[PDB]
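Protein chains in written order, with the entry's author numbering: chain A, 111 to 447; chain B, 339 to 387; chain C, 1305 to 1448; chain D, 4 to 41, 126 to 135, 155 to 175; chain E, 532 to 580; chain F, 725 to 869; chain G, 67 to 202; chain H, 1208 to 1255; chain I, 56 to 94, 100 to 149, 156 to 186, 193 to 217.
No residue lacks a Cβ here, since even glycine has one placed at the ideal position from N, Cα and C.
Contents: one structure, followed by commentary.
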Amino acid sequence: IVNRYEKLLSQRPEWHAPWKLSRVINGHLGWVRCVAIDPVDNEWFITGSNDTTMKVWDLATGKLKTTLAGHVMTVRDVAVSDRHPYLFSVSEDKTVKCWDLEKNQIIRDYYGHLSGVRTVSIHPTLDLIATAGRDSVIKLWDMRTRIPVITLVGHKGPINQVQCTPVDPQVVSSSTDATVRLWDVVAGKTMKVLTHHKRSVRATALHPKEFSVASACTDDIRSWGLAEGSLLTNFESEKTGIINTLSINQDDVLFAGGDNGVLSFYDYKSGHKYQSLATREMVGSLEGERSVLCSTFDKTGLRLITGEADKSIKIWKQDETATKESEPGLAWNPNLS
Amino acid sequence: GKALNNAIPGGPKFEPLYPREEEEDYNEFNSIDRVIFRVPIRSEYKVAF
Amino acid sequence: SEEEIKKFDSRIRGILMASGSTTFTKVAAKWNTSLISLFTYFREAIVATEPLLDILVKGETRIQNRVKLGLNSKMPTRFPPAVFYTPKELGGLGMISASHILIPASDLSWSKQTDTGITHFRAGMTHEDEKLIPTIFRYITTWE
Amino acid sequence: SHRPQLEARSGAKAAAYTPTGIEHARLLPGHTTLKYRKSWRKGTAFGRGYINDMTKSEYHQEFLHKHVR
Amino acid sequence: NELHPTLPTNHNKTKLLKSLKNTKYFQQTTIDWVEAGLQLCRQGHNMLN
Amino acid sequence: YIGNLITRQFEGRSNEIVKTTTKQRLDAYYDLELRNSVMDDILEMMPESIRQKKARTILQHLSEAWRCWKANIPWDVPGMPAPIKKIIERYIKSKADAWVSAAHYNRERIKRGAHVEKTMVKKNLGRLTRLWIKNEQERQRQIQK
Amino acid sequence: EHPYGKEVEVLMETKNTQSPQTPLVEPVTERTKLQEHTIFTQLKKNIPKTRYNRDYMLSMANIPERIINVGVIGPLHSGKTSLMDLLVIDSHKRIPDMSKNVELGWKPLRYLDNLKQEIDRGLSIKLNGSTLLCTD
Amino acid sequence: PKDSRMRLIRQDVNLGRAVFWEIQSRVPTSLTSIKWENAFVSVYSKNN
Amino acid sequence: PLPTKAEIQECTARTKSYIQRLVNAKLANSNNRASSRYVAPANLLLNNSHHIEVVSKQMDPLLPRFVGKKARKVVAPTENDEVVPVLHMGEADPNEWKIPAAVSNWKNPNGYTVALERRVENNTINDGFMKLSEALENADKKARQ
RNA sequence: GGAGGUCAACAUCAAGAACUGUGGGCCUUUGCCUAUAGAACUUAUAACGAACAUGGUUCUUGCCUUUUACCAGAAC
Ligand SMILES: Nc1nc2c(ncn2[C@@H]2O[C@H](COP(=O)(O)OP(=O)(O)OP(=O)(O)O)[C@@H](O)[C@H]2O)c(=O)[nH]1
Ligand SMILES: [Mg+2]
Ligand SMILES: [Mg+2]
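Below you can see the structure in the form of structure tokens.
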């Protein structure tokens, strides 16, 4: 098996630059559960909360534009549409609510989940919604007629994170039974199963280019090729548990938010971890409240936005000095698995 | 009549359509000392022009 | 003063929420023992305040509307004021109505400034046939 | 015999039942068209900021300092 | 009723009866009006029973 | 209507009948999502084996820590792995913040006196007396120190 | 503040900028709608067809003696504008503004009115002319 | 109403906050707390 | 490789058509003469010898359409064709991670009787008290003298 | 072949003050410019109806133990 270990010593992967802390934005009353960014102009955020609201923050200066109320309970997920001026928010109240960005009033309510719905993802080309939650089923909603067109029977437990892809498998799903399924929706059954995770897969992210996915677990962040469904790579992780979210820059940088408050940055190609940071909790907070609930990159990918459990949004910027003087991180030493 | 929350002595009575008049900035502009009272300014004016 | 206006209003709300069904004469008795307190203490001042007049009206009309719910109705025709205001010795509730009067309405925009006087009267409380009813503040001598 | 729950109902069950066909109130067609993007003083006795917590904040002690009288 | 118009429903051109009469199961005739009133009362009473 | 009445009269009422959250059953759901959310974490911190016994046990420790937070009692457990205590402190801090904010909101909804239910007045009263005594004990301790 | 203190912008935001009614995503209006302020025809192909051949009219402009400027003035509701209506709809062959109603009209077609405010106000406000050739 | 309320004039206001400032000083903040928020000051002068 | 372009214009086409088939299949089902405005022999049987022609029958509008649709509940089987191998890559740990029992003052629903010590401060005063008591003491003496 | 019908089907009926076809030129089909022919029905105190109902969501209220049923304004 050593031949593989030599083949890990030839590459010397992929230098990148570190990250640092540009800006701190308070202003939520409760926790920040979810964050999404305007896919076109990059001019703002939509941030869920634990206070039921949604507060639309300006990306440029960080000022607060507007407040979108209307959920009775905490908002687990928010997703903004590309081709549409629509905003689909979803909560623990068992409802997926549409939002017309133009006039800022609820348009449609989609009905028929048994219990809280923790993920919405907007299929790129079909005018569909994909919702999922403690139902343990994935519902493909027809955006126009509010008809739960397709239901995907599936994982043996709740469904944490769901994504959409234009070609085959059009829905990737991740559940607390510690599997990740690659779905074929037209026939309505699993195309491929990926079991390699040992515990709940709490987050996924789609690489904007290579047509792959990064899947998470407690201590091990893996990657997966879509299409064939192979494993692609691994990412070197000592115990980071727990991984709340992942985000993939367009430069092939793979972010990992910790529940220990550590921000684990990776290269996507290699699996190498070139940086790990630690956030400052807050003025009056508790050391338990330091963690990262969600995160995203803008359309460019030169800034990072992380909602934290301390009731604050933080904006992490990529250092411009860097280069070879001293960037170098942990420097690519891998222990035998 | 409706939008301005006014009635013609024989016309209908509606709701305000802008329920809050309560906000008033204390300011010199409309102060009595600066106003000349000629003619009462009946409603029928306010509905007319 | 505004505070003790709000204290009175809050107390009426107290009588209302406290008694789900106490029957009837208990309610009229409580409201009597409240109002008589308010007047007897505030006697002279009450004349000059718009909000406390409005709140007396809403208060009494609200309690009458509570006995009306006590059967089923809001209906005006069923309950002419003889029903409420005849003393117990004749078999009526015997409540003491201070809310009829007429309420000075003058000039919302100006009365913020001059104290124009009383230029107009809004109708305080209503009826099918008017009759009239005496109101407490007439039967209690002013403080001066 | 009240219990927490230790599970949820998997929607798979409801997926195998047959539809009833009752017509609800909120599923009547509405918003049917999408939208696309493009000397007196001398006698006196005496001479002359964000905390994160709910209870210890300032607004709170204002609140309870008032509504308790 | 002047302030909130309606602007009804193109494609409404299909009516209950124009769809209904088509079928085998409905037949057309004339009749006295009061007789139609009485029949319809008998209809209803059987329905609710 | 009669469409539903009759089709329901032949075909029986729908078997699914999911039921939405509204004003009455809200708090129940909030509890439920919470206890679930703690189940996940405290299952994912532990190294491998044990589940159901330690499930019930740990969730009991949750409830107890909440009650002791209402009572201002500090809730020290003579022993318990510290990271779990981090987690439970976190979630009960959350629930605490939401609870307080509901107390303020309902109060300033009552001061205006618009459509508050007969009970919400009583409940809100309760939450306010709890919070007020907490402010008191805080003041006294900080006077000692 | 001090936990960061140097580069980091510590900002506590409440209330709002951008009052909530604002669109937050601007509706794209591709065509430009004038019909709110005035009522005025913008295309080259919809201008009425002037049975007298406009081209031949513009030739008259070379002869200074030939063209004349007449204004029309008179007190309220003397019929000015509805007179210019008679002249116009005599000259032009097909006007898009005629409803079948006003063509036989119970309600006078008022061509030179042209402003929304002057339509609803029932009056004429800003002066408006026309140019046309007509046979003596 | 505004007219018969207390007028706001520099002499007046400055007198008011002056008085309240001194008596504010006399009592120690330890015994009690006298805040300008709760207080009311009235001034009768040539202009009021 | 990302999935080209003319590849997605296919999956989008066929999927889009299929979803339209489901939606239109539904809108004609339910009870609304209103909802229908938003919307072949085909049988070679056996050897095709006798062919076939299929023709629908118009239902009597009053009588129930779908005479057999009646709400009833079904348990579905799970037909397991193949097994998905679940392929993954303490000792002293329990002494860290062992959860104690949960015992509350407030509730003993079962009736478990447990010792009183399962049911059942450091800092001293400040020198301020010393100073204050001494000042009042002395000034008191002075005044009295 | 004319008159009709308490007959049917299929089109069309709210918009750059606005429809469609065609000829010619430029870009490279779209689109812009230019030339020409025909425009039923509905529209300016704006609309197919010289009339006038109900429902859903979201806010503001009003009744006021709670839910249907409701009170009267707004937006979609
Ligand atoms: N009987 C009668 N009435 C007319 C005649 N001409 C116009 N009117 C009425 O008089 C009113 C005035 O007609 P307009 O020409 O539209 O009004 P106008 O001349 O523009 O009045 P101004 O706006 O002041 O210029 C209209 O409402 C017409 O109904 C007419 O020849 N005979
Ligand atoms: Mg004119
Ligand atoms: Mg109940």
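Taking only heavy atoms of ligand 1 into account, decide whether any of them is closer than 7 Å to the Cβ of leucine 189 (chain G).
yes
Which same chain residues end up closer than 8 Å to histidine 166 (chain D) when comparing Cβ atoms and leaving out the 5 residues on each side of it in sequence?
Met160
Chain-ordered chain F contacts of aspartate 159 (chain I) [CB-CB under 7 Å]
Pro771
Return yes when the Cβ of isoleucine 782 (chain F) is within less than 8 Å of the Cβ of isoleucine 797 (chain F), no when it is not.
no
Would the C-beta of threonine 104 (chain G) count as close to ligand 2, meaning under 7 Å from any of its heavy atoms?
no
At a Cβ cut of 9 Å, what residues of the region 1209-1241 of chain H count as close to chain D, listed as they run along the chain?
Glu1229, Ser1232, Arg1233, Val1234 and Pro1235
Let me see if you follow: with CB-CB separation under 8 Å, is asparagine 136 (chain A) close to chain D or not?
yes
Where do the ends of the alpha helix (DSSP H) carrying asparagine 270 (chain A) lie?
Per DSSP, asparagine 270 (chain A) belongs to no alpha helix (DSSP H); it is in the beta strand (DSSP E), 269-274.
Quick check: is any heavy atom of ligand 4 less than 7 Å from the C-beta of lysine 192 (chain G)?
As presented, the structure is devoid of ligand 4, carrying ligand 1, ligand 2 and ligand 3 as its sole ligands.
How should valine 1226 (chain H) be labelled, buried or exposed, when 16 other C-beta atoms within 10 angstroms of its C-beta is the threshold for buried?
exposed
List the residues that DSSP assigns as beta-bridge partners of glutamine 428 (chain A).
A:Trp129
With 8 Å as the limit, tell me which residues of the region 798-811 of chain F have their beta carbon closer than that to any beta carbon of chain I; keep them in chain order.
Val801, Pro802, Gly803, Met804, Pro805 and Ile808
Using only alpha-carbon positions, find the residue among A:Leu118, A:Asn136 and A:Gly339 that is nearest to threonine 80 (chain G).
A:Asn136
For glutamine 861 (chain F), go through chain I and note every residue whose CB falls closer than 9 Å to its CB, in chain order.
In chain order: nothing, as chain I lies at least about 13 Å away.
So within the region 374-422 of chain A, which uninterrupted beta strand (DSSP E) runs reach at least 3 residues, ignoring any that extend past its ends?
385-388 and 413-418
Under 8 Å between the Cβ atoms of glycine 24 (chain D) and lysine 173 (chain I)?
no
Between the beta-carbon of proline 1385 (chain C) and the beta-carbon of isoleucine 1437 (chain C), is there less than 8 Å?
yes
Excluding sequence positions up to five away, which residues of its chain have a Cβ less than 6 Å from the Cβ of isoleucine 1407 (chain C)?
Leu1357, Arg1426 and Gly1428
Are the C-beta of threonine 80 (chain G) and some C-beta of chain A separated by less than 8 Å?
yes
Would you list, in chain order, the members of the region 773-800 of chain F that have their beta-carbon closer than 7 Å to a beta-carbon of chain I?
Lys778, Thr781, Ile782, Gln784, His785, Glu788 and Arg791
If you drop the 5 nearest sequence neighbours on each side, which residues of the same chain put their C-beta closer than 8 Å to that of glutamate 102 (chain G)?
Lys182
Report yes or no: is there a C-beta of chain A within less than 8 Å of the C-beta of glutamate 75 (chain G)?
yes
Please work out which residues of its chain come closer than 7 Å, Cβ to Cβ, to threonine 1420 (chain C), disregarding the five sequence neighbours upstream and downstream, and give them in chain order.
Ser1410, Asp1411 and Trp1414
Helix, strand or coil: how does DSSP classify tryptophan 1228 (chain H) here?
helix
Identify the continuous alpha helix (DSSP H) that holds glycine 1318 (chain C) and give its terminal residues.
1306-1322
Cβ-based contacts, 8 Å cut-off: residues of the region 815-838 of chain F near chain A:
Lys817, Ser818, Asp821, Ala822 and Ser825
Where do the N-terminal and C-terminal ends of the alpha helix (DSSP H) with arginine 1370 (chain C) fall, by residue?
1354-1373
DSSP state of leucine 142 (chain G) mapped onto helix, strand, coil
coil
Verify the contact flag: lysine 146 (chain G), CB atom, against every heavy atom of ligand 2, threshold strictly below 7 Å.
yes
From G:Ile134, G:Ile133, G:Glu131 and G:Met150, pick the residue whose C-alpha is nearest to that of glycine 140 (chain G); which is it?
G:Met150
Since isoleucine 370 (chain B) is in the alpha helix (DSSP H), which residue starts that stretch and which ends it?
Segment: none, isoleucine 370 (chain B) is in no alpha helix (DSSP H) and carries neither H nor E.
Within 8 Å (strictly less), CB to CB, does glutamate 841 (chain F) reach chain A?
no
C-beta atoms of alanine 326 (chain A) and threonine 314 (chain A) nearer than 8 Å
yes
With a threshold of 8 Å between beta-carbons, can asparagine 160 (chain A) be considered close to chain G, or not?
no
Hey, is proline 121 (chain I)'s beta-carbon within less than 8 Å of any beta-carbon in chain E?
yes
Cβ closer than 7 Å: which chain D residues qualify as neighbours of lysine 847 (chain F)?
Neighbours of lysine 847 (chain F) on chain D: none; closest Cβ ~15 Å, over 7 Å.
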